[PDB]
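Right, one structure below, let's go through it.
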4 protein chains.
Amino acid sequence: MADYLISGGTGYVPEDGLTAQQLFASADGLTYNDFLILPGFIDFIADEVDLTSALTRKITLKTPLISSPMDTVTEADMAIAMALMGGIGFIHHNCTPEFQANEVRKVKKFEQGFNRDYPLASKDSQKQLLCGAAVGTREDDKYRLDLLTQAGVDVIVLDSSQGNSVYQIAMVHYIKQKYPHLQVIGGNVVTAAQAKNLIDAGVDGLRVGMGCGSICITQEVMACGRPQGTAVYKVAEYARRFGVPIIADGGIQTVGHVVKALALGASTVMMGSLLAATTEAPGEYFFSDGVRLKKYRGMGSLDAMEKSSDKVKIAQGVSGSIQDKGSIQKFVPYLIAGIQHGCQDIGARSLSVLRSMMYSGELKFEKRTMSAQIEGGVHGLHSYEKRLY
Amino acid sequence: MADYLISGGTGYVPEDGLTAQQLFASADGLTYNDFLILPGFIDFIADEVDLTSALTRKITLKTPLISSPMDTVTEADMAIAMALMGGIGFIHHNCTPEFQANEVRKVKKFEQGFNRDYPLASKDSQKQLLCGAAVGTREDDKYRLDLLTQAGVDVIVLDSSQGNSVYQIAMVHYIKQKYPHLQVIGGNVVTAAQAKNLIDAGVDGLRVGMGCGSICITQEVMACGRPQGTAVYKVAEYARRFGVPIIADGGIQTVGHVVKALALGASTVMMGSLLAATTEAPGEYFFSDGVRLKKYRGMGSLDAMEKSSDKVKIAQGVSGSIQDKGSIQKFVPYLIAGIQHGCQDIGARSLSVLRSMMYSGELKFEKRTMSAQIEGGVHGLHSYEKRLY
Amino acid sequence: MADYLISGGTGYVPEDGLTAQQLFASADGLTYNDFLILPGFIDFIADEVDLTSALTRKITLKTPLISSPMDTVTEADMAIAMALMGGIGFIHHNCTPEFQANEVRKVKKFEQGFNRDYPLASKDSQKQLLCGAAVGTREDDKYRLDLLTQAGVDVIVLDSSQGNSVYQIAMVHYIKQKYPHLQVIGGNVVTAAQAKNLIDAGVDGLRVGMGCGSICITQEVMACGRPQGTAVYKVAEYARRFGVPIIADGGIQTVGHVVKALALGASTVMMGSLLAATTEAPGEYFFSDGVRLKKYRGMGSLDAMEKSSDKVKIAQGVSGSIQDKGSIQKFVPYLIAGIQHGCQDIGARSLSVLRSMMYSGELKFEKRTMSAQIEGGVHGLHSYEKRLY
Amino acid sequence: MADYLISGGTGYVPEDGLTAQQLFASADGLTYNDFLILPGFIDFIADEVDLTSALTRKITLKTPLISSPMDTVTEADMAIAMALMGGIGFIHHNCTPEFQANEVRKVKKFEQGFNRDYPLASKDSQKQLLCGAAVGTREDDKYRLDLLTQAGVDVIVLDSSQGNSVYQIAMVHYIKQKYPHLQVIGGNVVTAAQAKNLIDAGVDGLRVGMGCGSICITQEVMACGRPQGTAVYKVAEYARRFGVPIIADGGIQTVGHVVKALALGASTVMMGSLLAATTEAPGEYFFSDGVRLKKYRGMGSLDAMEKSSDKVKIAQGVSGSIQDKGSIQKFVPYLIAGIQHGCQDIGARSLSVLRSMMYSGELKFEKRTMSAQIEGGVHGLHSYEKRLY
Ligand SMILES: NC(=O)c1ccc[n+]([C@@H]2O[C@H](COP(=O)([O-])OP(=O)(O)OC[C@H]3O[C@@H](n4cnc5c(N)ncnc54)[C@H](O)[C@@H]3O)[C@@H](O)[C@H]2O)c1
Ligand SMILES: NC(=O)c1ccc[n+]([C@@H]2O[C@H](COP(=O)([O-])OP(=O)(O)OC[C@H]3O[C@@H](n4cnc5c(N)ncnc54)[C@H](O)[C@@H]3O)[C@@H](O)[C@H]2O)c1
Ligand SMILES: NC(=O)c1ccc[n+]([C@@H]2O[C@H](COP(=O)([O-])OP(=O)(O)OC[C@H]3O[C@@H](n4cnc5c(N)ncnc54)[C@H](O)[C@@H]3O)[C@@H](O)[C@H]2O)c1
Ligand SMILES: NC(=O)c1ccc[n+]([C@@H]2O[C@H](COP(=O)([O-])OP(=O)(O)OC[C@H]3O[C@@H](n4cnc5c(N)ncnc54)[C@H](O)[C@@H]3O)[C@@H](O)[C@H]2O)c1
Ligand SMILES: O=c1[nH]cnc2c1ncn2[C@@H]1O[C@H](COP(=O)(O)O)[C@@H](O)[C@H]1O
Ligand SMILES: O=c1[nH]cnc2c1ncn2[C@@H]1O[C@H](COP(=O)(O)O)[C@@H](O)[C@H]1O
Ligand SMILES: O=c1[nH]cnc2c1ncn2[C@@H]1O[C@H](COP(=O)(O)O)[C@@H](O)[C@H]1O
Ligand SMILES: O=c1[nH]cnc2c1ncn2[C@@H]1O[C@H](COP(=O)(O)O)[C@@H](O)[C@H]1O
């Protein structure tokens, strides 16, 4: 019985798999599809799994999930639904300042019932729903920010492809002195050197990803960006040294990508395309080839840039369509159950525990070859029907 | 004279290829498609090749092949046919306890003739066919297990996606105390750390693979699993230290995948999709686009979970169809002859010899690039017809 | 302020140094002099440090220190003194069976006072001092073992240069069936492959080291042995999987070697030359060139083999002398204070905690070049006097 | 109990240490002092160890030991004694042809008794002692070789610092056509490329080492040679492909160097300095500072090149003295017992088995750091006396 004397509270666990530190040592360009998380020990049911998540230094959500500040994803209906599910939405800024402040006002005034329960409903002190908003880094964004702070916005995201700029750092120093209470997320960043300049400017969170988004062409136009899994791991590991949470933003096609982003050190995950074409996503449904579709586009797509408007405009995103997904109040419970089940197979009873296992090297990972990615999908069938829930 | 003095019973063999230990040192995600086994020396005919296989610590099969405990693969007709061919079948548990015990009873009472010959017919002491059954890890599975042990079941498989759980370890300790004679296979596991907890619980065999199965989506939903060749090699090497055989389960598309699974240290191989849509697989044939198909589905697909029905259910598998393959009594002889010719090209006269050559580093392997996998398949033709036998 | 959300109970610690696994990855021949342990965090005084140590599966000492079964180190006076200090002594077997049983009898009958205090005095259930004895693997050792078990010996060490033998495994099986209460330490071993056979034979502890001891010539005579730090790490890691403690035996010149041996996974440390030429070490003091010396010799030295006696005898050790060190009741408190201060600088409040930090990767090491070993000694002085306490 | 089914005749052995192939992969300059052989499993007594050794393609000695063709080591008294002990001696050629043929004649005419027993006495078909002789690669060496073959010499060594020459290859072709029965050892070589040219010329054995010998200065004069352990391993591995045995020549200070040389693939070991200053070594004893010494010198030392004398001669060796060792009939039994005990600790019951274990990867090695070489010698004593037997 005296095994406790020879190694204390450890006990022997066979070594198998790679720590996150080893998984990224090779300096390949790993994205979420390129690796798996190895199963752990299960000693809890999947419903016990705590999804409590830092959005910023001060704001805590009960679900890691965020709707992206895009004009085809997040206006007040999306922000209300995401808050009720225990995430948040950032109202997009491809609209007039007064329009965006009116969308924020609708979220802050919602009250519910003015039929279901929302035990994760992600409220502020006054029992109003939490709301985020995007702003740019121009001089008009100072006026927009006056209106949004008057409308009771809880958190601001500085909304750029490349947040490591004098323009953004000046905007951070301006917000943190004029509205010291206001939580500011800087971004986008993909390197620790970008993250250090915004953390030194005093941001309360970071938004991580460049390229990677489903509608994005920044990598093939600008040559610039990073494989998103590697960016999330590198920026989360840097931001963690300063107590700064990160949002893994863009490239999330599946529940398994969400679990990978959280496991690599993201505190929250931001989705455009996964929440696009829901009932709460702005714009109308339409039929093309007998499929109920809704528009979805990059904010640096030409039609997104033509709205509300150096002579030649470089596209950084595409405009397209996503098939109807139903309602956020149906889809986000599927994401929550999928995340909890993923955490349960991993043996983490909490997302804070999941990241603690990753940084301690208790959590183990495994690379996938191309043939392993084929083997991990559906293969060898004549036909099949992938109904996820 | 001098050769024996200078190096004993060795003699010089040029070094070429990698040992299994070197093949997996790189920590890539190798699956079966990612590597080849190098040819050895042939000094026997392929019909000399002994396919004798440990299923558990106590049970030996004269052939390595197992039918998977799936409701579209293994009821009594499959289990009878697989036993007569010298494998075994595990009766699925997506049915009431009395139905599954009646399927087991039909296997144990079969006798043959109540006409081919079955010199590998895989029988117990009383000359009844061997039968396996699946059970879960709930409290109803204790009653199910009582009925199955009354029906004379020879071996139990504990049937989970992630067998390293308190629920499963408790079910192992319960079976081994109440039914000490009964052989228990634990699983599914893909890591040695999972394998150690079930081997310490006292399982008699392990079932290896998570993801990998043709109908499986656990990797894209849960983020969790392993490339199956790597999982088989790692878990077989760990389980071997304790005298525990392993079943390589799922991702077997070809005879070459079976030979690879056995070469990597699997004692037996379990198939769903390769034995699905045979005459003995449960369910009816049907025609769609002029092809004779039969249903094949994951046990964690939604329509499989609906049978005999936490409000939102997460799919871990798809539902689909496989093209008709004929009869087990035709197809399993093709698998046996294919395994024997593979062993003959390798220079192993037995599967025990094959694994001994692998652990001693006598058996050599070679990685395949993507261009080598293309080169290894059919290429450069206008059209062709792949008639396998 | 929610830093706990982003990484749970870990918290950020800069990475510096190597884990023990990395320190031995290079496959150099590291001994204790070849590496340092890096300092940790101090949150306790050195006297709080708990030195409770497993000698075997069942026996616990309150100090990690053992006197070696050598005829110039351990008879009853050494064994009494080492037990009173909270270690143990193994009575040597280079004597008649009746003489060794009489030495053991003197330890078991001691009582104290028939005046310092001994709060670590390392007693049995009946409040007698613990005593070990050595035996060989011949047929006369069965009679010797009968006398020693009648004399009330608590633990047996099987005393060979190379314990992985049929002769030794047979002696283990013989002891464990005839004397099932009796604790057996196997050895000497230096590889996990040797440790496997003795652990499978059923030893309760292992003695680790071959060559390495101050009087050793086994390496330049037999070509056979291992660098002792590497042997301790590799055998302790293997033995830990089975709950078997290890004794790091030989090559301990300093307190820092003891702290290194314990950090590398040794449960206890065995000393010959460090405890030789104390007042309790057998044999007389003598003067040569004006220095008070006592004889110290290997048990495979020719004069040690000439005592109590294939015509040509191979020496495996030398015969020599050590300068007088005083008394065990003065020297072992210096070793204890040195071990506790080493643990305090490391940041481990217990030896069980120290090994837990090492296996978990929290304890970091650092290799020393030859120039770093020079820099870590006394250097650049005209003269100096190294008074240790 | 079917553990044989899962891995055949292998059985599980924990991997620990390096195979010889891995030990030399790093391309350091390992000599014998730089590595250890790890202990194996002992299932035999050391006297069972068979030391039967190929000298050439045709000649077998019962002991691996050869006296070097040096004028301070091997004339007829040494060659007789080495043959009676079950090695051989090569009579040196720093003499006139008639003198060397008379030394060979005395060995071939010896008979014994014209009283110990010599069960290893290393005779030819006619029950005469085996004798070797050296020759050079000049035209006078053709006449010398006529006389030596008339005197009944059994084996010739071609005696050069650098055997990969037109002069030596011509001499090999000349011997093999004029005396087809006569066994020829080529050398010295240290690379496989040198070995390939002499093996293609048709030598029956190789002599391996350049520098390394105790009296060597070839490395600091010529810049040319190899670390002897590495040379033995490389040349033995190459020569083994053709069934050619190797002599490891020079740098043998200890029994452990002999066991290392044999384990690295040497079939026999050649000694100068270890057999110098024995009673059978040519030259007289003399006293200097009260020590009974005998001269020992390199054959390329100036005073060795003066005997039997562009104009400037380069020393390749030193002239010196060795302390008296006694008689070959006392010392060679110590070498034999030391080799057998080293083999017993390693777990090889034969030298053919030892080399088979090394090439198959079963024999494991371990590098020594400088601090491990210190720890492996005598350390931490005031004084000591190293009596070897
Ligand atoms: N994450 C991505 O990979 C990514 C890539 C492209 C676009 N987007 C999104 O599309 C939208 C537009 O992105 P963007 O980066 O093109 O917008 P942006 O306004 O940040 O940048 C456009 C250009 O204006 C410059 N700029 C910004 N503020 C300035 C100031 N005060 N003075 C002078 N120049 C200034 C920028 O450096 C850049 O050259 C945002 O919603 C953004 O998140 C995201
Ligand atoms: N590739 C694979 O290995 C794989 C992947 C997915 C599903 N499957 C198969 O699909 C079927 C279902 O797999 P599964 O893992 O979903 O079934 P499962 O019943 O093992 O697990 C379902 C859930 O219930 C939990 N659970 C199990 N026993 C419990 C108990 N007593 N109390 C409380 N909670 C308990 C589990 O931890 C898990 O959260 C099986 O046939 C399985 O083999 C296999
Ligand atoms: N550093 C070390 O670990 C080391 C090295 C050398 C010696 N020593 C010590 O010196 C002493 C002698 O060591 P040793 O290994 O020479 O003693 P030993 O008795 O274990 O071995 C001596 C020889 O006898 C053989 N032998 C042992 N039992 C036998 C049996 N029943 N039948 C036949 N042969 C048998 C062994 O295999 C070996 O060849 C011990 O105190 C030992 O601990 C220790
Ligand atoms: N460690 C060693 O291997 C080593 C090193 C130096 C010397 N030695 C020994 O010292 C002795 C002398 O060695 P050596 O190599 O100096 O002797 P050597 O006669 O082989 O070489 C001396 C020189 O003469 C040349 N030579 C040889 N045969 C020739 C021919 N027919 N025509 C023209 N040139 C020819 C050689 O190439 C070399 O330049 C030998 O006993 C040898 O084994 C050994
Ligand atoms: O026009 C664009 N080009 C590049 N990236 C964009 C653009 N518009 C939005 N993004 C990014 O894409 C993310 C959404 O990606 P998705 O979830 O994969 O669809 C957003 O949150 C932005 O970071
Ligand atoms: O619903 C499911 N999801 C994931 N894996 C499954 C599911 N049902 C069965 N499996 C696994 O898939 C294996 C069969 O894989 P196949 O032989 O490649 O078709 C089974 O034996 C199970 O381990
Ligand atoms: O004759 C011998 N040769 C080699 N090792 C020995 C011999 N006798 C004892 N030993 C070992 O040396 C250890 C003591 O080493 P020391 O503490 O460094 O002096 C003992 O416990 C034995 O393992
Ligand atoms: O003059 C010389 N220089 C260098 N090596 C020599 C010389 N003479 C003999 N040797 C080598 O030294 C070996 C003996 O080395 P030892 O046994 O270490 O003393 C001989 O067999 C030769 O290969």
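So you can find residues: chains in the structure tokens are A, B, ... in the order shown, residues in each start at 1, and ligands are numbered from 1 in order.
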Would you give me, as a short mmCIF file (atom, residue, chain, number, x, y, z; two decimals) with N, CA, C and O atoms, in the first residue's frame, the residues of chain A that come within 9 Å of chain C, using only C-alpha atoms?
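Final file, out.cif:
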```cif
data_model
loop_
_atom_site.label_atom_id
_atom_site.label_comp_id
_atom_site.auth_asym_id
_atom_site.auth_seq_id
_atom_site.Cartn_x
_atom_site.Cartn_y
_atom_site.Cartn_z
N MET A 1 0.78 -1.24 0.00
CA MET A 1 0.00 0.00 0.00
C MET A 1 0.82 1.29 0.00
O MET A 1 0.30 2.30 -0.46
N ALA A 2 2.06 1.34 0.47
CA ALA A 2 2.87 2.56 0.63
C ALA A 2 3.46 3.14 -0.68
O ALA A 2 4.62 3.54 -0.75
N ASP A 3 2.65 3.19 -1.73
CA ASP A 3 2.93 3.79 -3.04
C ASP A 3 2.94 5.33 -2.97
O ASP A 3 3.73 5.99 -3.64
N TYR A 4 2.13 5.92 -2.08
CA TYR A 4 2.14 7.37 -1.80
C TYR A 4 3.52 7.88 -1.38
O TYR A 4 3.94 8.95 -1.79
N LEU A 5 4.30 7.11 -0.62
CA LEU A 5 5.64 7.54 -0.24
C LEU A 5 6.57 7.72 -1.44
O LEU A 5 7.37 8.66 -1.45
N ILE A 6 6.49 6.87 -2.46
CA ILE A 6 7.45 6.87 -3.56
C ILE A 6 7.19 7.97 -4.59
O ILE A 6 8.14 8.42 -5.22
N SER A 7 5.98 8.51 -4.73
CA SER A 7 5.71 9.64 -5.65
C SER A 7 4.56 10.58 -5.28
O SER A 7 4.05 11.32 -6.12
N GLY A 8 4.17 10.62 -4.00
CA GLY A 8 3.20 11.58 -3.46
C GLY A 8 1.80 11.45 -4.06
O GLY A 8 1.31 10.34 -4.28
N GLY A 9 1.18 12.59 -4.35
CA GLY A 9 -0.15 12.67 -4.97
C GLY A 9 -0.21 12.43 -6.48
O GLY A 9 -1.28 12.59 -7.06
N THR A 10 0.90 12.07 -7.14
CA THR A 10 0.87 11.72 -8.58
C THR A 10 0.19 10.36 -8.83
O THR A 10 -0.95 10.32 -9.31
N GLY A 11 0.87 9.26 -8.54
CA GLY A 11 0.59 7.94 -9.13
C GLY A 11 1.06 7.86 -10.58
O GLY A 11 1.12 8.86 -11.29
N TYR A 12 1.45 6.67 -11.03
CA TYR A 12 1.94 6.43 -12.38
C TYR A 12 0.82 6.50 -13.43
O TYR A 12 -0.17 5.77 -13.37
N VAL A 13 1.01 7.34 -14.44
CA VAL A 13 0.22 7.38 -15.67
C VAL A 13 1.17 7.13 -16.84
O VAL A 13 2.13 7.90 -16.97
N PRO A 14 0.96 6.11 -17.69
CA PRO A 14 1.80 5.89 -18.86
C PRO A 14 1.82 7.11 -19.77
O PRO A 14 0.82 7.81 -19.92
N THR A 52 -18.09 27.98 -17.80
CA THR A 52 -17.80 29.36 -17.39
C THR A 52 -16.51 29.88 -18.01
O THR A 52 -15.48 29.22 -17.99
N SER A 53 -16.57 31.07 -18.61
CA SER A 53 -15.57 31.58 -19.54
C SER A 53 -15.30 33.06 -19.29
O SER A 53 -16.23 33.85 -19.22
N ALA A 54 -14.03 33.45 -19.21
CA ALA A 54 -13.68 34.87 -19.20
C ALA A 54 -13.76 35.43 -20.63
O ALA A 54 -13.08 34.93 -21.53
N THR A 56 -13.31 38.95 -20.96
CA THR A 56 -12.30 39.97 -20.71
C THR A 56 -11.76 39.81 -19.30
O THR A 56 -12.20 38.94 -18.56
N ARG A 57 -10.81 40.66 -18.89
CA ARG A 57 -10.31 40.72 -17.51
C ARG A 57 -11.43 40.74 -16.46
O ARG A 57 -11.25 40.14 -15.40
N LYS A 58 -12.56 41.41 -16.72
CA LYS A 58 -13.69 41.55 -15.79
C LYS A 58 -14.97 40.78 -16.15
O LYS A 58 -15.69 40.37 -15.24
N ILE A 59 -15.30 40.59 -17.43
CA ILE A 59 -16.60 40.03 -17.83
C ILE A 59 -16.50 38.51 -17.92
O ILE A 59 -15.63 37.98 -18.60
N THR A 60 -17.43 37.81 -17.28
CA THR A 60 -17.50 36.36 -17.32
C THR A 60 -18.82 35.93 -17.92
O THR A 60 -19.88 36.40 -17.51
N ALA A 236 -2.73 32.71 -26.87
CA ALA A 236 -3.27 32.36 -25.56
C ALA A 236 -2.14 32.15 -24.55
O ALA A 236 -2.21 32.68 -23.45
N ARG A 240 -1.97 34.74 -21.39
CA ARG A 240 -2.06 34.10 -20.08
C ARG A 240 -1.04 34.63 -19.07
O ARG A 240 -1.39 34.76 -17.91
N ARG A 241 0.17 35.00 -19.50
CA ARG A 241 1.20 35.58 -18.63
C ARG A 241 0.77 36.89 -17.98
O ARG A 241 1.28 37.23 -16.92
N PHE A 242 -0.17 37.60 -18.58
CA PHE A 242 -0.67 38.89 -18.14
C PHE A 242 -2.10 38.81 -17.60
O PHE A 242 -2.69 39.84 -17.30
N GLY A 243 -2.69 37.62 -17.49
CA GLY A 243 -4.09 37.44 -17.10
C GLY A 243 -5.11 37.89 -18.14
O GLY A 243 -6.22 38.25 -17.78
N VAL A 244 -4.75 37.92 -19.43
CA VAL A 244 -5.63 38.39 -20.50
C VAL A 244 -6.26 37.19 -21.20
O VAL A 244 -5.54 36.36 -21.73
N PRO A 245 -7.60 37.07 -21.23
CA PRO A 245 -8.28 36.03 -22.00
C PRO A 245 -8.25 36.31 -23.50
O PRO A 245 -8.16 37.46 -23.94
N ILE A 246 -8.39 35.26 -24.31
CA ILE A 246 -8.47 35.39 -25.77
C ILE A 246 -9.74 34.75 -26.31
O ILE A 246 -10.22 33.74 -25.82
N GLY A 265 -6.21 26.92 -25.37
CA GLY A 265 -6.07 28.06 -24.48
C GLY A 265 -7.02 29.21 -24.77
O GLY A 265 -7.02 30.16 -23.99
N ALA A 266 -7.86 29.16 -25.79
CA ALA A 266 -8.92 30.16 -25.94
C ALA A 266 -9.86 30.13 -24.73
O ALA A 266 -10.23 29.08 -24.23
N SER A 267 -10.25 31.30 -24.26
CA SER A 267 -11.23 31.45 -23.18
C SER A 267 -12.65 31.45 -23.73
O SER A 267 -13.57 30.98 -23.08
N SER A 350 -14.46 21.03 -16.36
CA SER A 350 -14.56 22.47 -16.49
C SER A 350 -13.63 22.93 -17.61
O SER A 350 -12.57 22.34 -17.79
N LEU A 351 -13.95 24.01 -18.31
CA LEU A 351 -13.04 24.62 -19.28
C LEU A 351 -11.78 25.20 -18.63
O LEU A 351 -10.70 25.15 -19.22
N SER A 352 -11.87 25.69 -17.40
CA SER A 352 -10.70 26.13 -16.63
C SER A 352 -9.79 24.95 -16.29
O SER A 352 -8.58 25.05 -16.41
N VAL A 353 -10.39 23.82 -15.96
CA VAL A 353 -9.66 22.56 -15.75
C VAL A 353 -9.03 22.07 -17.05
O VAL A 353 -7.85 21.76 -17.03
N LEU A 354 -9.74 22.12 -18.19
CA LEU A 354 -9.23 21.75 -19.51
C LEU A 354 -7.95 22.50 -19.86
O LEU A 354 -6.92 21.88 -20.14
N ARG A 355 -7.96 23.83 -19.76
CA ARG A 355 -6.77 24.65 -20.00
C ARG A 355 -5.67 24.40 -18.98
O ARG A 355 -4.51 24.32 -19.36
N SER A 356 -6.00 24.18 -17.71
CA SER A 356 -5.01 23.78 -16.70
C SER A 356 -4.33 22.44 -17.02
O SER A 356 -3.11 22.34 -16.92
N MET A 357 -5.06 21.44 -17.51
CA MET A 357 -4.49 20.17 -17.97
C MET A 357 -3.58 20.39 -19.18
O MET A 357 -2.54 19.77 -19.27
N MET A 358 -3.94 21.29 -20.10
CA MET A 358 -3.12 21.61 -21.26
C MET A 358 -1.79 22.28 -20.89
O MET A 358 -0.74 21.79 -21.29
N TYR A 359 -1.80 23.32 -20.06
CA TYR A 359 -0.56 23.99 -19.67
C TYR A 359 0.33 23.13 -18.76
O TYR A 359 1.54 23.16 -18.90
N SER A 360 -0.25 22.30 -17.89
CA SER A 360 0.51 21.35 -17.07
C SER A 360 1.05 20.14 -17.85
O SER A 360 1.83 19.37 -17.29
N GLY A 361 0.67 19.94 -19.11
CA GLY A 361 1.05 18.77 -19.89
C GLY A 361 0.30 17.49 -19.54
O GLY A 361 0.66 16.42 -20.01
N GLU A 362 -0.75 17.55 -18.72
CA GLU A 362 -1.64 16.41 -18.46
C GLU A 362 -2.49 16.08 -19.69
O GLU A 362 -2.64 14.91 -20.05
#
```
**OP:** Using only C-alpha atoms and all ligand atoms, find each residue with an atom at most 6 Å away from ligand 4 and format the answer as a ChimeraX atom specification.
**Re:** /D:136-138,159-162,167,188,209-211,213,218,299-300,316
**OP:** Using only C-alpha atoms and all ligand atoms, find each residue with an atom at most 9 Å away from ligand 8 and format the answer as a ChimeraX atom specification.
**Re:** /D:67-70,159-161,187-188,207-219,248-253,270-276,296-302,304-305,315-319
Original post:
Where in stretch 28-178 of chain A does DSSP assign strand (DSSP E), given as a PyMOL selection string?
Top reply: chain A and resi 35-37+53-54+60-61+65-67+88-91+132-135+155-158
Restricting it to C-alpha atoms, dump the selection as an mmCIF file, in the first residue's frame.
```
data_model
loop_
_atom_site.group_PDB
_atom_site.id
_atom_site.type_symbol
_atom_site.label_atom_id
_atom_site.label_comp_id
_atom_site.auth_asym_id
_atom_site.auth_seq_id
_atom_site.Cartn_x
_atom_site.Cartn_y
_atom_site.Cartn_z
ATOM 1 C CA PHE A 35 -4.527 17.292 -34.495
ATOM 2 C CA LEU A 36 -6.746 15.401 -32.008
ATOM 3 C CA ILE A 37 -7.037 15.576 -28.238
ATOM 4 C CA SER A 53 -15.575 31.579 -19.542
ATOM 5 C CA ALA A 54 -13.676 34.870 -19.204
ATOM 6 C CA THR A 60 -17.501 36.361 -17.318
ATOM 7 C CA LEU A 61 -19.901 34.433 -19.582
ATOM 8 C CA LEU A 65 -19.685 31.265 -27.455
ATOM 9 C CA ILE A 66 -19.685 34.684 -29.175
ATOM 10 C CA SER A 67 -21.465 35.921 -32.310
ATOM 11 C CA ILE A 88 -22.679 37.457 -25.993
ATOM 12 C CA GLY A 89 -23.027 39.165 -29.370
ATOM 13 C CA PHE A 90 -20.995 42.062 -30.696
ATOM 14 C CA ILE A 91 -23.238 44.365 -32.788
ATOM 15 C CA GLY A 132 -20.902 44.005 -27.110
ATOM 16 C CA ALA A 133 -20.273 46.392 -30.010
ATOM 17 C CA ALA A 134 -17.555 46.734 -32.641
ATOM 18 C CA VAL A 135 -15.841 50.033 -33.530
ATOM 19 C CA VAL A 155 -17.718 45.715 -23.958
ATOM 20 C CA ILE A 156 -16.076 47.115 -27.099
ATOM 21 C CA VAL A 157 -14.169 45.154 -29.728
ATOM 22 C CA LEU A 158 -11.679 47.098 -31.841
#
```
May I have a table of the residues of chain D lying at most 9 Å from ligand 7, giving each one's closest pair of atoms and their distance in Å to one decimal, counting only C-alpha atoms and all ligand atoms, ordered by chain and ascending residue number, as a Markdown table?
```
| residue | atom | partner | partner_atom_place_in_ligand_line | distance |
| --- | --- | --- | --- | --- |
| D:375 | CA | ligand 7 | 18 (O) | 8.8 |
| D:379 | CA | ligand 7 | 18 (O) | 8.1 |
| D:380 | CA | ligand 7 | 18 (O) | 7.8 |
| D:381 | CA | ligand 7 | 19 (O) | 8.8 |
```
Output file for the selection above: N, CA, C and O atoms, as a PDB file, in the first residue's frame:
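Saved as selection_37.pdb:
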```pdb
ATOM      1  N   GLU D 375      33.375   8.241 -11.591  1.00  0.00           N
ATOM      2  CA  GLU D 375      32.532   7.452 -10.685  1.00  0.00           C
ATOM      3  C   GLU D 375      32.732   5.932 -10.851  1.00  0.00           C
ATOM      4  O   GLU D 375      32.583   5.186  -9.894  1.00  0.00           O
ATOM      5  N   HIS D 379      37.332   5.999  -6.269  1.00  0.00           N
ATOM      6  CA  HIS D 379      37.164   7.414  -5.903  1.00  0.00           C
ATOM      7  C   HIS D 379      36.859   7.564  -4.413  1.00  0.00           C
ATOM      8  O   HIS D 379      36.460   6.610  -3.767  1.00  0.00           O
ATOM      9  N   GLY D 380      37.073   8.745  -3.835  1.00  0.00           N
ATOM     10  CA  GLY D 380      36.673   9.045  -2.456  1.00  0.00           C
ATOM     11  C   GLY D 380      37.436   8.332  -1.330  1.00  0.00           C
ATOM     12  O   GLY D 380      37.007   8.406  -0.182  1.00  0.00           O
ATOM     13  N   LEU D 381      38.547   7.652  -1.614  1.00  0.00           N
ATOM     14  CA  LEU D 381      39.384   6.968  -0.620  1.00  0.00           C
ATOM     15  C   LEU D 381      40.604   7.810  -0.226  1.00  0.00           C
ATOM     16  O   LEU D 381      41.063   8.653  -0.998  1.00  0.00           O
TER      17      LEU D 381
END
```
